[PDB]
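Single chain ahead, written as C-alpha cells, the form deposited without the ligand.
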C-alpha cells in the first residue's frame, strides 16, 4: 500500500531502490580529430544513488559496441577518480580480462552485468572494502573489462577475481589476471 514502486506505476511512483554508496559514471573519449586535445580525455558523466537512476542512465547512453576505438567507460564509487594517481587507487590494482576478439563477444551484456554486479554489491563481501570501480576499454584489437581494487594484498582479492570470471561467463581455461597499477606495486602470477 504505502509503497508504489516503478513496477506498480512507472510514471507515478514514490519509492526507489538505494545503492550501498553513490556511484559515478565516467567516459574517456578518443583524442580529438581537431588535433588540439590528446591530454584532456577523461569526462565525468553523472553520479547516481538508486537502481532506477542507473537504468535511466544506461538506457540513454551509447552501449560499448557503439563506442569509437580508444574509448572507455568507468563506473567508480563516488569520490574516487578512475585514475591510478587517485589516493584510493595508487596502492591498488585490478582484476582484468581481455576479450581477444571484439566480434565473438556480447560485450554490451558482459559490461552491463559487470556494472550490475558492482552496484548490486555481488563482487565482494561486506567490509571487504576492496572494489573501487569497474572499467571497460575499447581498443583496436580487443575489449578489456576490469575491477579496480584498493589494495594488492589474500582470499578477499581472489574471490573478487573468481566472481568477475563468473559474471563474464568465462570457461575454466580463460584466466582473469590481477596486476598492480604501479610498477612498484606490481613488483612487490595471480590468476583465476
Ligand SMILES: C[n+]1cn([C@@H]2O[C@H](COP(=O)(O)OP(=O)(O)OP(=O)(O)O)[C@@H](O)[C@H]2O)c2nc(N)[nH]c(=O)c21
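Numbering follows the first chain given and starts at 1. Take the two forms, superpose them, and find the largest set of C-alpha atoms that agree within 1.5 Å; that set is the rigid core.
There is another form of this protein, the form solved in complex with the ligand, and it is not shown here; the text below is about that form.
In the entry with it bound, the ligand sits within 4.5 Å of a heavy atom of residue 137. Proximity of residue 92 to the ligand in the entry with it bound: non-hydrogen atoms within 4.5 Å are absent; the residue sits far from the partner.
Not displayed here, the ligand is kept clear of residue 29 by more than 4.5 Å at the level of heavy atoms in the entry with it bound. Remark: residue 78 does not count among the residues lining the ligand in the entry with it bound, judged by a heavy atom distance of 4.5 Å or less.
Only one segment in the set 43-51, 163-171, 123-131, 143-151 has residues whose heavy atoms sit within 4.5 Å of the ligand in the entry with it bound; it is 143-151.
Taking a 4.5 Å heavy atom cutoff to the ligand in the entry with it bound, the contacting residues in 82-96 are 82, 83, 84, 85. Core-superposed comparison between the shown form and the other one: among 90, 102, 113, 81, the single residue whose C-alpha moves by 2 Å or more is 102. A decrease of at least 3 Å in the separation of the C-alpha atoms of residue 101 and residue 61 is found in the entry with it bound, compared with the displayed form. Annotation: residue 67/residue 101 CA-CA distance shorter in the entry with it bound than in the displayed model, change of at least 3 Å.
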